[PDB]
């Protein structure tokens, strides 16, 4: 569906030597995630002669030309963003023989919401652990921001956790969200780094409720009035007033009066020090 994937015996994509990875240094494995976002499998990559575990995205066997365009586009965007510890990094691509493969870092523990929820108490998710989670995501957003990247969908479901409990921001939209959207984004479809800061506030609340759902009991069509009327979430039980103070600053109606990601990193770093 239709002309490029049906008509071509081979897809003559341009060779980019900086990123091309040999297909025979790759051992494809088990599917990864629930497949909302294309086909992604776990794999072993050799010499990234030590293996290492990676994630590999490819086209579903019924993909359309539009899915082809989206994967290439995602791939091209990730080449320009550059690497950072707290984001899902591009590791390589396979474009020259056979199937298009996009190789990404694997985060073995899944997404941050589920990680938190699984380790809820009846400890594991101590204050220092939660602050560390927040801090790492803020560092990743600070980086993304410095590359002029606006996420637009920052949420704990979109932060992946590696084997070493490193936070890695994923992004499935490089090519439901309403409870994470800044008022300017809801009402006027305006997206800025400051609207990401608002989302980060919602993520902070997610962290300190141990994977709780935002605005419990409130239907998405009402968030509408509520946010305009100045409604904000309350303090999570597992949360010092000072961290709640940060959340609340992130939900300022005025984008200029929300902290910057640089500020959030410095404040969270200081809390971490105090342990």
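Positions refer to the first chain, counted from 1.
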property: Residues with no coordinates between residue 122 and residue 123, taken from the deposited sequence as a class; result: 10 or more
property: Residues of the deposited sequence that sit between residue 49 and residue 48 yet are not modelled; result: 4 to 9
property: 181-189 set against 88-96, stretch whose average Cα temperature factor tops the other in the entry; result: 181-189
property: Higher-scoring stretch by recorded Cα B factor average, 193-201 or 163-171; result: 163-171
property: Which of 116, 176, 155, 149 ranks first by CA B-factor in the deposited coordinates; result: 176
property: Largest Cα B-factor, entry values, listed residues 28, 247, 233, 54; result: 28
property: B-factor third for the C-alpha atom of residue 216 within its chain; result: middle
property: Residue 70 by Cα B-factor - lowest, middle or highest third of the modelled chain; result: middle
property: Third of the chain, ranked by Cα B-factor, where residue 266 sits; result: middle
property: Assigned third (lowest, middle, highest) for the C-alpha B factor of residue 243; result: highest
property: Ranked C-alpha temperature factor of residue 32 among modelled chain residues, by third; result: highest
